[PDB]
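**Q** Dropping the structure in here first, questions after.
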Amino acid sequence: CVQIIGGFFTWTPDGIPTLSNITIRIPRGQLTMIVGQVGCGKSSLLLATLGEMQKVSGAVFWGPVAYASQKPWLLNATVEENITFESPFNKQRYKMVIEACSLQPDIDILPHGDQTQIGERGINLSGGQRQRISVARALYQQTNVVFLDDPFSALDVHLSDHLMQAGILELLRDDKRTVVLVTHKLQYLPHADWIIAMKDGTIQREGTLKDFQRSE
Ligand SMILES: Nc1ncnc2c1ncn2[C@@H]1O[C@H](COP(=O)(O)OP(=O)(O)OP(O)(O)=S)[C@@H](O)[C@H]1O
């Protein structure tokens with residue numbers, strides 16, 4: 001599991017802290033949503049769980065962890081390359097990830113059916129395509145933990161439903177990975193195990209769905 005006790009850090013060598021008194025357990029094989037308002041330390045907590053931000057006074061334990069950031073990024077290479085990301089290619093695995101991301105038709109829409117040279121930052125692609133490619137990169141890698149920083153911001157309702165069904169609840173939940181996804185929707189609340197509510201950089205309440213509905 002991913003254990004955190006006494007969260008405390010900020011974005012400076014000295015200054016007022018934004019991370020304050022966070023204690024969270026992320027057990028294996030469990031969907032964990034993080035919900036809250038705009039500016040409640042969701043992605044900050046994501047990067048702190050990563051070890052990206054060495055906290056001032058606190059303990060954090062859990063490694064190579066797959067992670068798709070909020071702002072999508074690409075390489076100066078092909079689509080297959082960005083989705084493989086220096087990994088030995090697979091037939092069934094890669095085709096599964098391609099189909100489960102609702103990406104094969106739009107991939108075939110491009111001027112080059114595949115191995116198309118993705119431009120610098122993705123000028124000849126749209127935001128939703130970049131996001132789907134990032135989510136495919138995150139899902140395709142073989143690892144224990146996956147983070148997805150709101151992968152449903154530039155997607156429709158149909159594509160988001162198909163992604164959360166085929167790629168998340170059927171493919172991620174298949175191999176029993178520790179999926180930690182942060183977003184704000186309705187369909188995903190009853191599909192997770194632990195609900196995490198954040199307010200002003202503090203965990204307001206914590207627990208499961210029933211422990212959240214039986215509390216204030
Ligand atoms: N890379 C960074 N460097 C310095 N400051 C940052 C950085 N990222 C975020 N911040 C600051 O940290 C504060 C909180 O940022 P976030 O944690 O990303 O907000 P959030 O609502 O919890 O998650 P979002 O909005 O979905 S990314 C913001 O006010 C930023 O000014």
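By order in the structure tokens, chains are A, B, ...; within a chain, residues start at 1; ligands start at 1, following the order shown.
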Any residue with an atom at most 8 Å from ligand 1 counts, using only C-alpha atoms and all ligand atoms. Which are they? Put them as a list in words.
**A**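 Here is the list of contacting residues: residues 11, 18, 36, 37, 38, 39, 40, 41, 42, 43, 44, 45, 70, 149, 150, 182, 183 and 201 of chain A.
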**Q** How would the residues just chosen look if you wrote them out with C-alpha atoms as an mmCIF file, in the first residue's frame?
**A**
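Contents of out.cif, freshly written:
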data_model
loop_
_atom_site.group_PDB
_atom_site.id
_atom_site.type_symbol
_atom_site.label_atom_id
_atom_site.label_comp_id
_atom_site.auth_asym_id
_atom_site.auth_seq_id
_atom_site.Cartn_x
_atom_site.Cartn_y
_atom_site.Cartn_z
ATOM 1 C CA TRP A 11 6.431 24.987 -3.321
ATOM 2 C CA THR A 18 -0.135 24.254 1.077
ATOM 3 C CA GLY A 36 -13.040 18.441 -4.375
ATOM 4 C CA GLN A 37 -13.131 22.047 -5.504
ATOM 5 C CA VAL A 38 -10.701 23.893 -7.781
ATOM 6 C CA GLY A 39 -7.498 24.432 -5.809
ATOM 7 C CA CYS A 40 -7.635 21.768 -3.087
ATOM 8 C CA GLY A 41 -4.267 20.067 -3.592
ATOM 9 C CA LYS A 42 -5.430 17.167 -5.753
ATOM 10 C CA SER A 43 -2.578 17.093 -8.270
ATOM 11 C CA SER A 44 -0.306 18.448 -5.537
ATOM 12 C CA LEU A 45 -1.137 15.390 -3.440
ATOM 13 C CA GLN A 70 -2.825 17.023 -16.292
ATOM 14 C CA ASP A 149 -4.440 13.595 -13.638
ATOM 15 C CA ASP A 150 -8.011 14.180 -14.891
ATOM 16 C CA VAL A 182 -8.513 12.107 -9.864
ATOM 17 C CA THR A 183 -11.523 13.669 -11.598
ATOM 18 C CA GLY A 201 -5.208 21.703 1.009
#
**Q** Report as a PyMOL selection string all protein, DNA and RNA residues lying within 10 Å of residue 90 of chain A, evaluated on only C-alpha atoms, omitting residues in the same chain fewer than 6 positions from it.
**A** chain A and resi 84+96+140
**Q** Using only C-alpha atoms, which residue out of A:188, A:85, A:147, A:73 lies closest to residue 165 of chain A?
**A**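 Checking each candidate against residue 165 of chain A, we get A:188 as the closest.
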**Q** Please provide the set of residues having any atom within 6 Å of residue 195 of chain A, restricted to only C-alpha atoms, with same-chain residues fewer than 3 positions apart removed, written as a ChimeraX atom specification.
**A** /A:33,207-208
**Q** May I have the residues within 12 Å of residue 173 of chain A as a list in words, using only C-alpha atoms and disregarding those fewer than 3 positions away in the same chain?
**A** residues 28, 29, 30, 31, 32, 139, 144, 145, 146, 164, 165, 166, 167, 168, 169, 170, 176, 177, 178, 179, 180, 191 and 192 of chain A
**Q** Near residue 120 of chain A, within 12 Å and counting only C-alpha atoms, which residues show up once chain neighbours fewer than 5 positions away are dropped, as a PDB file with N, CA, C and O atoms, in the first residue's frame?
**A**
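Output (around-v5.pdb):
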ATOM      1  N   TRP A  73       1.767  15.654 -22.655  1.00  0.00           N
ATOM      2  CA  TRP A  73       3.030  15.881 -23.338  1.00  0.00           C
ATOM      3  C   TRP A  73       3.323  14.716 -24.270  1.00  0.00           C
ATOM      4  O   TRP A  73       2.891  13.583 -24.035  1.00  0.00           O
ATOM      5  N   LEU A  74       4.068  15.010 -25.332  1.00  0.00           N
ATOM      6  CA  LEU A  74       4.412  14.039 -26.358  1.00  0.00           C
ATOM      7  C   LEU A  74       5.903  14.125 -26.653  1.00  0.00           C
ATOM      8  O   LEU A  74       6.604  15.017 -26.172  1.00  0.00           O
ATOM      9  N   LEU A  75       6.384  13.186 -27.459  1.00  0.00           N
ATOM     10  CA  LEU A  75       7.764  13.176 -27.919  1.00  0.00           C
ATOM     11  C   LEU A  75       7.824  13.585 -29.387  1.00  0.00           C
ATOM     12  O   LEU A  75       6.808  13.867 -30.028  1.00  0.00           O
ATOM     13  N   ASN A  76       9.042  13.628 -29.914  1.00  0.00           N
ATOM     14  CA  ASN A  76       9.270  13.896 -31.330  1.00  0.00           C
ATOM     15  C   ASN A  76       9.448  12.566 -32.061  1.00  0.00           C
ATOM     16  O   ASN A  76      10.521  12.220 -32.555  1.00  0.00           O
ATOM     17  N   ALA A  77       8.355  11.812 -32.110  1.00  0.00           N
ATOM     18  CA  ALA A  77       8.392  10.451 -32.630  1.00  0.00           C
ATOM     19  C   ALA A  77       6.989  10.078 -33.103  1.00  0.00           C
ATOM     20  O   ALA A  77       6.132  10.951 -33.280  1.00  0.00           O
ATOM     21  N   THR A  78       6.760   8.784 -33.315  1.00  0.00           N
ATOM     22  CA  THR A  78       5.506   8.285 -33.854  1.00  0.00           C
ATOM     23  C   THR A  78       4.507   7.989 -32.736  1.00  0.00           C
ATOM     24  O   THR A  78       4.808   8.094 -31.544  1.00  0.00           O
ATOM     25  N   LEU A 125      -2.261  17.535 -34.080  1.00  0.00           N
ATOM     26  CA  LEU A 125      -3.218  16.756 -33.308  1.00  0.00           C
ATOM     27  C   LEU A 125      -4.034  17.697 -32.433  1.00  0.00           C
ATOM     28  O   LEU A 125      -3.653  18.846 -32.192  1.00  0.00           O
ATOM     29  N   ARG A 130      -4.234  14.032 -27.888  1.00  0.00           N
ATOM     30  CA  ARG A 130      -3.068  14.024 -27.012  1.00  0.00           C
ATOM     31  C   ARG A 130      -3.398  13.388 -25.669  1.00  0.00           C
ATOM     32  O   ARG A 130      -2.606  12.603 -25.133  1.00  0.00           O
TER      33      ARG A 130
END
**Q** Can you list every residue in segment 50-95 of chain A that DSSP puts in strand (DSSP E or B), as a PyMOL selection string?
**A** chain A and resi 59-61+66-68
**Q** Using only C-alpha atoms, which of the listed residues (A:14, A:113, A:136, A:48) sits closest to residue 95 of chain A?
**A** A:136
**Q** If you run DSSP on this backbone, which residues of segment 54-131 of chain A come out as alpha helix (DSSP H), and could you give them as a PyMOL selection string?
**A** chain A and resi 79-84+92-100+104-109+127-131
**Q** Grab the residues selected above and save them as a PDB file, in the first residue's frame with C-alpha atoms.
**A**
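That gives us out26.pdb:
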ATOM      1  CA  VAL A  79       2.246   7.287 -32.164  1.00  0.00           C
ATOM      2  CA  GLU A  80       3.279   3.657 -31.641  1.00  0.00           C
ATOM      3  CA  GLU A  81       6.514   4.952 -30.119  1.00  0.00           C
ATOM      4  CA  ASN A  82       4.854   7.355 -27.673  1.00  0.00           C
ATOM      5  CA  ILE A  83       2.434   4.638 -26.593  1.00  0.00           C
ATOM      6  CA  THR A  84       5.154   1.984 -26.226  1.00  0.00           C
ATOM      7  CA  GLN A  92      -2.417  -8.419 -28.293  1.00  0.00           C
ATOM      8  CA  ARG A  93      -1.408  -6.025 -25.507  1.00  0.00           C
ATOM      9  CA  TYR A  94      -0.845  -3.022 -27.778  1.00  0.00           C
ATOM     10  CA  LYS A  95      -3.942  -3.716 -29.871  1.00  0.00           C
ATOM     11  CA  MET A  96      -5.968  -4.022 -26.650  1.00  0.00           C
ATOM     12  CA  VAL A  97      -4.688  -0.671 -25.403  1.00  0.00           C
ATOM     13  CA  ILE A  98      -5.358   0.949 -28.794  1.00  0.00           C
ATOM     14  CA  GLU A  99      -8.934  -0.326 -28.976  1.00  0.00           C
ATOM     15  CA  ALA A 100      -9.702   0.333 -25.294  1.00  0.00           C
ATOM     16  CA  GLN A 104      -7.815   3.442 -33.523  1.00  0.00           C
ATOM     17  CA  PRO A 105     -10.357   5.216 -35.816  1.00  0.00           C
ATOM     18  CA  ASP A 106      -8.923   8.696 -35.260  1.00  0.00           C
ATOM     19  CA  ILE A 107      -5.435   7.186 -35.586  1.00  0.00           C
ATOM     20  CA  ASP A 108      -6.492   5.920 -39.019  1.00  0.00           C
ATOM     21  CA  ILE A 109      -7.929   9.375 -39.847  1.00  0.00           C
ATOM     22  CA  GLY A 127      -6.173  18.100 -27.288  1.00  0.00           C
ATOM     23  CA  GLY A 128      -8.407  15.057 -26.939  1.00  0.00           C
ATOM     24  CA  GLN A 129      -6.076  12.984 -29.105  1.00  0.00           C
ATOM     25  CA  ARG A 130      -3.068  14.024 -27.012  1.00  0.00           C
ATOM     26  CA  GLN A 131      -4.967  13.116 -23.842  1.00  0.00           C
TER      27      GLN A 131
END
**Q** As a ChimeraX atom specification, please: the residues near residue 63 of chain A (cut-off 12 Å, only C-alpha atoms, same-chain neighbours under 2 positions excluded).
**A** /A:2,49-52,61,65-66,143-146
**Q** Taking N, CA, C and O atoms for each residue, export the selection above as a short mmCIF file (atom, residue, chain, number, x, y, z; two decimals), in the first residue's frame.
**A**
data_model
loop_
_atom_site.label_atom_id
_atom_site.label_comp_id
_atom_site.auth_asym_id
_atom_site.auth_seq_id
_atom_site.Cartn_x
_atom_site.Cartn_y
_atom_site.Cartn_z
N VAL A 2 0.24 2.39 -0.30
CA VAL A 2 0.91 3.69 -0.27
C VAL A 2 0.47 4.40 1.00
O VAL A 2 -0.70 4.80 1.13
N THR A 49 2.59 12.12 -3.42
CA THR A 49 2.59 10.67 -3.34
C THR A 49 3.66 10.07 -4.24
O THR A 49 4.14 8.96 -4.00
N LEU A 50 4.03 10.80 -5.29
CA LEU A 50 5.04 10.34 -6.24
C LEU A 50 6.45 10.42 -5.67
O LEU A 50 7.35 9.76 -6.19
N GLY A 51 6.64 11.19 -4.60
CA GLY A 51 7.97 11.57 -4.17
C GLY A 51 8.53 12.77 -4.88
O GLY A 51 9.67 13.17 -4.59
N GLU A 52 7.76 13.37 -5.79
CA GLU A 52 8.25 14.52 -6.55
C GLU A 52 8.54 15.71 -5.64
O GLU A 52 9.47 16.49 -5.91
N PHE A 61 5.54 6.18 2.42
CA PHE A 61 6.12 4.93 1.95
C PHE A 61 5.24 4.33 0.88
O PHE A 61 4.04 4.61 0.80
N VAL A 65 6.50 4.10 -11.28
CA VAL A 65 5.06 4.30 -11.23
C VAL A 65 4.63 5.01 -12.50
O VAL A 65 5.21 6.04 -12.87
N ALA A 66 3.61 4.47 -13.17
CA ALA A 66 3.09 5.09 -14.38
C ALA A 66 2.25 6.31 -14.02
O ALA A 66 1.50 6.30 -13.04
N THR A 143 3.30 -2.07 -14.73
CA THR A 143 3.73 -1.58 -13.42
C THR A 143 2.60 -1.81 -12.42
O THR A 143 1.52 -2.29 -12.76
N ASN A 144 2.86 -1.44 -11.16
CA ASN A 144 1.85 -1.62 -10.13
C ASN A 144 0.90 -0.43 -10.07
O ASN A 144 -0.33 -0.61 -10.08
N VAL A 145 1.44 0.78 -10.00
CA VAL A 145 0.67 1.98 -9.69
C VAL A 145 0.54 2.84 -10.94
O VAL A 145 1.50 3.01 -11.69
N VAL A 146 -0.65 3.39 -11.14
CA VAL A 146 -0.93 4.31 -12.23
C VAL A 146 -1.66 5.53 -11.68
O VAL A 146 -2.61 5.39 -10.90
#
**Q** With only C-alpha atoms as the basis for distance, which of A:211, A:161, A:68, A:141 is at the shortest distance from residue 86 of chain A?
**A**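 Closest residue, counting only C-alpha atoms: A:141.
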